[PDB]
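For reference, the structure is listed below as structure tokens.
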Amino acid sequence: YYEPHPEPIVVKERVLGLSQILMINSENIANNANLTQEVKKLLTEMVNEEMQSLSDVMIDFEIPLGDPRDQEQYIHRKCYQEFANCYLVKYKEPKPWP
Amino acid sequence: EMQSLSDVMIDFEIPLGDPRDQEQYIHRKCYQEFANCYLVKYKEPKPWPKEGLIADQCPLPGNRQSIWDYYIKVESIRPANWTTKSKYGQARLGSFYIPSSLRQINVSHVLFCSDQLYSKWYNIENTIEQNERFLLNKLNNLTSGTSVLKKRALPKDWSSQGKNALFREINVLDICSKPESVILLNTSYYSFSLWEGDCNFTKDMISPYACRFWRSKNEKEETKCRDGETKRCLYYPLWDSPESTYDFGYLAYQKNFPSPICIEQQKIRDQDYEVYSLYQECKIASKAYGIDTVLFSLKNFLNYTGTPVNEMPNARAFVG
Amino acid sequence: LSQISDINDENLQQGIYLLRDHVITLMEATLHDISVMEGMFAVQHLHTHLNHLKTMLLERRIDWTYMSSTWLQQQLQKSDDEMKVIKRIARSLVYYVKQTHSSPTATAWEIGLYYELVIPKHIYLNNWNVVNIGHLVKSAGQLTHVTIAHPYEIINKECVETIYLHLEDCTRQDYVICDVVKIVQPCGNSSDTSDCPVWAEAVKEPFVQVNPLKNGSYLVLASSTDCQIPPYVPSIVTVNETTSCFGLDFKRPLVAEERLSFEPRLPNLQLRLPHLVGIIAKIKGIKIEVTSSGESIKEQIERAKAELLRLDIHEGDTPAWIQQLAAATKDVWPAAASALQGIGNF
Amino acid sequence: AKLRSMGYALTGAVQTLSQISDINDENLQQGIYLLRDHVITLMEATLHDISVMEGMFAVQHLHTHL
Amino acid sequence: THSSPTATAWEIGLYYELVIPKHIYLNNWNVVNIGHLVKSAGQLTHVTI
Ligand SMILES: *[C@@H]1O[C@H](CO)[C@@H](O[C@@H]2O[C@H](CO)[C@@H](O[C@@H]3O[C@H](CO[C@H]4O[C@H](CO)[C@@H](O)[C@H](O)[C@@H]4O)[C@@H](O)[C@H](O[C@H]4O[C@H](CO)[C@@H](O)[C@H](O)[C@@H]4O[C@@H]4O[C@H](CO)[C@@H](O)[C@H](O)[C@H]4NC(C)=O)[C@@H]3O)[C@H](O)[C@H]2NC(C)=O)[C@H](O)[C@H]1NC(C)=O
Ligand SMILES: *[C@@H]1O[C@H](CO)[C@@H](O[C@@H]2O[C@H](CO)[C@@H](O[C@@H]3O[C@H](CO[C@H]4O[C@H](CO)[C@@H](O)[C@H](O[C@H]5O[C@H](CO)[C@@H](O)[C@H](O)[C@@H]5O)[C@@H]4O)[C@@H](O)[C@H](O[C@H]4O[C@H](CO)[C@@H](O)[C@H](O)[C@@H]4O)[C@@H]3O)[C@H](O)[C@H]2NC(C)=O)[C@H](O)[C@H]1NC(C)=O
Ligand SMILES: *[C@@H]1O[C@H](CO)[C@@H](O[C@@H]2O[C@H](CO)[C@@H](O[C@@H]3O[C@H](CO)[C@@H](O)[C@H](O)[C@@H]3O)[C@H](O)[C@H]2NC(C)=O)[C@H](O)[C@H]1NC(C)=O
Ligand SMILES: *[C@@H]1O[C@H](CO)[C@@H](O[C@@H]2O[C@H](CO)[C@@H](O[C@@H]3O[C@H](CO)[C@@H](O)[C@H](O)[C@@H]3O)[C@H](O)[C@H]2NC(C)=O)[C@H](O)[C@H]1NC(C)=O
Ligand SMILES: *[C@@H]1O[C@H](CO)[C@@H](O[C@@H]2O[C@H](CO)[C@@H](O)[C@H](O)[C@H]2NC(C)=O)[C@H](O)[C@H]1NC(C)=O
Ligand SMILES: *[C@@H]1O[C@H](CO)[C@@H](O)[C@H](O)[C@H]1NC(C)=O
Ligand SMILES: *[C@@H]1O[C@H](CO)[C@@H](O)[C@H](O)[C@H]1NC(C)=O
């Protein structure tokens, strides 16, 4: 005799493994939203609250790929997120507003 | 939110009958699409007669009003030999210009979709599920097998036999909030003027604001330039500018102070309108041809002009 | 692998293959909606998004907000309905969470997420669970329960063809997932069917088993008759009016509406057992294998013969032995049985 | 390829009721009984709170619900 | 069911299965069989019901 089995059945071919790195930065978010120094403090409290809670229940695990610090895409996107619109200007010689 | 749910759930057969065959599915689908959608038919085609509109009851810019879309502004700087007659025909600069799109000669019917002309039975204070039942009963009580409303349903303006069972009567301030409604549905044009000259009212003939006309007439219309008859030249208007005051006619209308108001009637259309209900036609036609067809058929009729009436803003959803 | 596309290579095996390079994603770039919002309205919309990401990761699920669907489908080269199954059964791991900057007006964080996507080979939708019932046999005095050992656990029927599945190494991530699924044939006594082993076990008399089925019938197996139901062979029973059978109430079922069926119809099968199956099952005191579906008369007999011969006559239980010999002889030679039984009681 | 499961429609019979109240009938057995007619629901009607809210405040309240 | 740049509409089919209880039991214990040892004709034996 027989009874229905409503759940699907999947036969495995293989498994693909991926590593994604997510980078968060409040200052980039505060600039686009035209925030004030009072609301910047709220943004900062709010983001720490959520991130810390996740940090507090997850132990570390070794993953057998190379160090991100050696990869171009990691170097290019970190320099951008920190120093994209930062410049240094040098006067021909020092002269102040008169 | 909906797409994310769609993207992880395969389909399953459930062994009941098709919803498309069930009354409660047909009645609640027609309602959600066509509850407040109606079609009005003129006795014969007749458009709004003038291109200029005197309407002092509305407060001018100096909340936002819908009629400001048709408001001619008086500008100090103009080009050389510039006249109103060139641009805005016979309209009085500082009043309202009615476009030729709202005055078509061949328009026979008006199609609208809004809940802002219902008589006192309708209240937004009450519950959605009540306001549904209330309408659903009234539309059953005011019909008999077709989708044509009974003359009782209409206001006294649109029919001799109208008793406001469904619709209220359009009032004087409605032009400010709902322009197209009035211009397309009013049977007669009534004026409301505090302009020195109208009905032969002379400044002597009067038997902070007090007894005074809003805009007095100047000698003539002229410009002057300084060897640059092209771009920037001073303009001298044929009437005054209301920018300083801008509440005169609105405050006058409400009767805070006495003033020489002028009102004149002009008949446009015969009081013998006929009104169909698209909610009642959806229910009736779906019993014969099935909802999938009727829904698709009536959704196209709402896009007869090229812009669908049901996606317009509630106060401005009136089309000829 | 150097590309996600490489996972579909035909000469790969069943294992774990990692994409060689990390996927780098900025949230600012992902969440467009917030970009065009202003003030606290922007702040509250982000809060809702961050609180939802946290909820998914606690359950070990993937939030597909931060990865393009078109991209993944283009690379995997799958259908709309395969993708739905792939995205439902995928699982996540958070392998680090790091705060990279902390001012009173500004913060920045990094999260490392690791995903494992099962790629399906085949998906089976219309499935039945097997339930072995068996048959009672009364042999040389002993009541015995006999069962076939079927080489499948699931019967599948998508359209018209029925299929018998043997599963191995299975888990549950919403759906059942198995490493090994072998297609088999049902039991028989022929070259084109399975040659399955047959188990016997001794049971206590009287035996009664009644299972109420969901559609309103009853499944009965019983050592004795009641309400005209034959003994020893099992059967699916239905009644037109409520009555008491085997000391419980068999109710008339509620009228049903007929729909398209997917019930399996197994092949029939004759099965010859050894003459003294009841004595073989009794002297083991456990459930024991007695034949195969497709065994010869000669092999079947030369199987408990030596064992059975060495249950010989003894000085210490001659009367108890003689009474077994009679019960064994009754069907073969009834005249001899009646004699032996007499010399027993003397 | 277009998947669609018969996992809840496999047996080729169905026992239906005309009212939820009918489930408490004493001479029914232990099985699955389906209510014969679908329950039709508009969200606009269900969510009263939003009706009286305005602008983005209305929009954000619906987002939380969905 | 409809998709404009300013307007959308969706439909969802939900199927529910409600178990109706016959009896509910709250104060419950799990059984743990321990048994007894018996030393018989030299052999140690564990006996259980
Ligand atoms: C679209 O259509 C709607 C109709 O559905 C229309 O709304 C109506 O607009 C008219 C015109 O403004 C309104 O009628 C006027 O009401 C005035 C106030 O009514 C009170 O006072 C009267 C007594 O005076 C009472 O009976 C009444 O109960 C109220 O208490 C009223 O003053 C107006 O009456 C004057 O104007 C008419 C013009 O035909 C005239 O016949 C009268 O004799 C009267 O005298 C005139 O006075 C004016 C100055 O005030 C002067 O210029 C003129 O020379 C006088 N004429 C004479 C002969 O001496 C009038 O009845 C009506 O209430 C509105 N209806 C509703 C339901 O609200 C919209 O205006 C239309 N919109 C557009 C843009 O076309
Ligand atoms: C699975 O299916 C098999 C095949 O059907 C079943 O085994 C057979 O059982 C039947 C019924 O009990 C037996 O029938 C009898 O056959 C003999 C004649 O047998 C001789 O000739 C055969 C010709 O084909 C040959 O196959 C036989 O070979 C076997 O036996 C020899 C000797 O032991 C051995 O060396 C071989 O290796 C083979 O094993 C053999 O040479 C016949 O005399 C019988 O007649 C009686 O019955 C009829 C009909 O009622 C009646 O008219 C007569 O008067 C008489 O009473 C009878 O027909 C058959 O021998 C079996 N075959 C084999 C190969 O064993 C098996 O039982 C099934 N298994 C299960 C688990 O269900
Ligand atoms: C954060 O604040 C900045 C600074 O005000 C905002 O940028 C400004 O955005 C407005 C509206 O888009 C722009 O005004 C419009 O500009 C166009 C192009 O010149 C013009 O056609 C319009 O008539 C109107 O003037 C404005 O240009 C722009 N700022 C400046 C200084 O020019 C930004 O939108 C804010 N960010 C938000 C709300 O997320
Ligand atoms: C959406 O906008 C409409 C249009 O403004 C709102 O309807 C308006 O609601 C206000 C407040 O309830 C009403 O004002 C009050 O009316 C009563 C009855 O006449 C009166 O006693 C009060 O003194 C006050 O005037 C107003 O009547 C009504 N609109 C109109 C045109 O009359 C609606 O509330 C808004 N919806 C929201 C916020 O969800
Ligand atoms: C309403 O009607 C208009 C006019 O017929 C439709 O406009 C067309 O839309 C299609 C979209 O694929 C375009 O390819 C055409 O070029 C459009 N024509 C014009 C003249 O603009 C419009 O699609 C209809 N809208 C609805 C919702 O039915
Ligand atoms: C309006 O209808 C008349 C009479 O049928 C016709 O001559 C004319 O072309 C139509 N269109 C316009 C814009 O007048
Ligand atoms: C006075 O009003 C009447 C209204 O019929 C009009 O015919 C006449 O032309 C007006 N006269 C003047 C001098 O404005």
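Couple of notes before you dig in:
- Entry remark, the stretch D:45-66: residues being within 13 Å of ligand 4 (Cβ to nearest atom) and part of a helix (DSSP H, G or I) number 10 in total.
- Under the condition of being out of contact with any helix residue (DSSP H, G or I) (no Cβ under 7 Å at 6 or more places or on another chain) and either more than 7 Å from every other protein chain (Cβ to nearest Cβ) or of a type in the set (A, V, I, L, M) (or both), the residues counted in the stretch D:1-35 number 17.
- Here C:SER103 fits the description: facing another protein chain (nearest Cβ under 7 Å) and farther than 23 Å from A:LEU18 by Cβ.
- Any hit, the stretch B:166-175, residues being among the β-branched types (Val, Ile, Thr) and either touching a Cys at 6+ places or on another chain (Cβ under 7 Å) or within 16 Å of ligand 6 (Cβ to nearest atom) (or both): yes
- Where strands (runs of 3 or more DSSP E) fall wholly inside the stretch C:115-154, the ranges with 3 or more residues that are touching a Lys or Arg at 6+ places or on another chain (Cβ under 9 Å) are C:142-148.
- Residues in the stretch C:149-200 that are among the aliphatic types (A, V, I, L, M) and over 25 Å from A:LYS12 (Cβ atoms) were compared, and the one that is nearest to ligand 4 (Cβ to nearest atom) is C:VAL160.
- When we screen C:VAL176, C:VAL181 for residues that are surrounded by 17 or more Cβ atoms within 10 Å (Cβ to Cβ) and within 28 Å of D:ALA13 (Cα to Cα), the only hit is C:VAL176.
- Counting only residues that are farther than 28 Å from B:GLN32 by Cα and within 16 Å of ligand 1 (Cβ to nearest atom), the stretch B:100-132 holds 2 of them.
- Of the strands (runs of 3 or more DSSP E) that lie entirely inside the stretch B:180-288, those containing 1 or more residues that are within 11 Å of ligand 1 (Cβ to nearest atom) span B:188-190, B:265-267.
- Condition broken by B:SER193, with the remaining ones in (1) out of contact with any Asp or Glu (no Cβ under 7 Å at 6 or more places or on another chain); (2) crowded, with 18+ Cβ neighbours inside 10 Å satisfied: (1)
- Restricting the stretch C:278-308 to residues that are farther than 14 Å from C:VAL198 by Cβ and either within 16 Å of ligand 4 (Cβ to nearest atom) or acidic (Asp, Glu) (or both), the residue that is farthest from the other protein chains (Cβ to nearest Cβ): C:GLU302
- The residue that is nearest to A:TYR74 (Cα to Cα), among those in the stretch C:9-54 that are more than 9 Å from every other protein chain (Cβ to nearest Cβ) and surrounded by 11 or more Cβ atoms within 10 Å (Cβ to Cβ), is C:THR30.
- Candidate set: the stretch A:34-49, residues that are crowded, with 19+ Cβ neighbours inside 10 Å and over 30 Å from A:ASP70 (Cβ atoms); chosen: the one nearest to the other protein chains (Cβ to nearest Cβ): A:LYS40
- Checked against (1) within 16 Å of ligand 1 (Cβ to nearest atom); (2) surrounded by 14 or more Cβ atoms within 10 Å (Cβ to Cβ); (3) not in a loop (DSSP other than H, G, I, E, B), B:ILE26 passes all but condition (1).
- Residue selected from the stretch C:184-200 under the condition buried (at least 17 other Cβ atoms within 10 Å of the Cβ) and in a strand (DSSP E or B), by the criterion farthest from the other protein chains (Cβ to nearest Cβ): C:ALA200
- The single residue among A:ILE59, A:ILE21, A:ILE29 that is of a type in the set (A, V, I, L, M), at the interface with another protein chain (Cβ under 7 Å from one of its Cβ atoms) and not in a strand (DSSP E or B) turns out to be A:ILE29.
- Filter pass, D:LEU42 being more than 7 Å from chain C (Cβ to nearest Cβ), closer than 17 Å to C:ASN215 by Cα and within 22 Å of the chain's Cα centre (by Cα): no
- Within the stretch B:291-303, the set of residues being out of contact with any helix residue (DSSP H, G or I) (no Cβ under 7 Å at 6 or more places or on another chain) and either of a type outside the set (A, V, I, L, M, F, W, C) or within 16 Å of ligand 1 (Cβ to nearest atom) (or both) comprises B:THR293, B:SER297, B:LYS299, B:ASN300, B:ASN303.
- In the stretch B:4-27, the residues that are facing another protein chain (nearest Cβ under 9 Å) and touching a helix residue (DSSP H, G or I) at 6+ places or on another chain (Cβ under 9 Å): B:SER4, B:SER6, B:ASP7, B:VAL8, B:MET9, B:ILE10, B:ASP11, B:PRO19, B:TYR25, B:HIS27
- Within the stretch B:58-114, the set of residues being polar (S, T, N, Q), within 16 Å of ligand 4 (Cβ to nearest atom) and surrounded by fewer than 16 Cβ atoms within 10 Å (Cβ to Cβ) comprises just one member, B:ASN63.
Ideal geometry is used to build each Cβ from the backbone, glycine not excepted, and the neighbour counts take in all protein chains shown. All of the numbers you see were taken from the coordinates with simple rules; none came from a lab.
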